[PDB]
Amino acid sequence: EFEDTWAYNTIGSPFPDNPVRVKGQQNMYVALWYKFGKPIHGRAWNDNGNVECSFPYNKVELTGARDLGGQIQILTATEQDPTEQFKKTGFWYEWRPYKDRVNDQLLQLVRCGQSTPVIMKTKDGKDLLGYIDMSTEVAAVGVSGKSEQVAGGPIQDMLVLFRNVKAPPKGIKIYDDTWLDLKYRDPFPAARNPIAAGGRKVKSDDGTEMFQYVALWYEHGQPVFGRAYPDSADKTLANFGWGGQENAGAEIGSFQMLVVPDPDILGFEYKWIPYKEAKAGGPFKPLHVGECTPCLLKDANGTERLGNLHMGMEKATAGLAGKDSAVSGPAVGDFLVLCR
């Protein structure tokens, strides 16, 4: 019987290392709160590189640092890659229907006392992480200030988190993008094969030819693609341009990088394609998080910088000299975007 590693964190500060993601979510992680000594699982997400969170509490949703008492726990793993995690610990994290818990030779339910995390589809249609109180057999989740609950038979089919104690399967093709979680100035993940703008060195702002790698941040609730790259010490620098601002310092905290650890098992390919062509149809479409796609901006003199294209505004931005290098109108049509 194996054990999960839970880590206390201050709401409003960066995530601990290797936070456990919710299946199918770009920006959602498994969390745990105690209220009057009772465990309640809920969810955490990145805003401004910091932990924010939500838990259901007797008819309402609680998200406030004060309301919550300021401290929550995040589920962490020894390694983010399932095969690496299994090798190191004897288990990996898998989401399966609650009913599958009878298969105890294969799966161990993630629980704290009588609480277990559960993915709920809300009345509004969104998948959100809440909890099953296994004492009462009621599932609950908070959204928009309110709790929603389900009891009875239906809870048996809902996805919950298990430790899987056999090797992750092989002989399949990957269709999902692999996103690595990390923080500002963590060691650069070169061995994971991060995706470089244009698949080549760019003519960069510092006067050198250098690779610039696809990164994702969240600021004031909005996803922003930017860039990441190693400094001379092989630590990870990053730079995001959005809403008139450049963010390139330690305020970045937690962020994500697009990686391809095993290039040989992908069921798709990435291609950098001019935006006007990328939107014109066919198999290759922009990779997107919300309205945004990774975008290589290029100046009249050939200088290049990896940033974000918001497709709703058709405005491209990237960090430069304290502002966001904003470009709109037909000029964006000629900028390369990441497609697959």
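Throughout, we count residues from 1 along the sequence that is shown.
Q: So, looking at the entry's B-factor column for Cα atoms, which has the higher mean, 221-229 or 172-180?
A: According to the PDB entry, the answer is 172-180.
Q: Would you mind comparing 282-290 and 306-314 for me and telling me which has the higher average C-alpha temperature factor in the entry?
A: Per the PDB entry, the higher value belongs to 282-290.
Q: For the listed 251, 262, 246, 94, which has the peak Cα B-factor recorded in the PDB entry?
A: Reading the PDB entry, the winner on C-alpha B-factor is 262.
Q: Please say which third, lowest, middle or highest, residue 273 falls into when its CA temperature factor is compared across its chain.
A: Within its chain, residue 273 is a lowest-third residue by C-alpha B-factor, going by the deposited values.
Q: Sorting the chain's modelled residues by C-alpha B-factor, tell me whether residue 256 ends up in the lowest, middle or highest third.
A: Lowest third, going by the recorded CA B-factors of the chain.
Q: Once the chain's modelled residues are ordered by C-alpha B factor and cut into thirds, is residue 266 in the lowest, middle or highest one?
A: Within its chain, residue 266 is a highest-third residue by C-alpha B-factor, going by the deposited values.
Q: Please rank the C-alpha B-factors of the chain's modelled residues and tell me whether residue 11 sits in the lowest, middle or highest third.
A: Middle third, going by the recorded CA B-factors of the chain.
Q: Sorting the chain's CA B-factors, does residue 56 end up in the lowest, middle or highest third?
A: Middle third.
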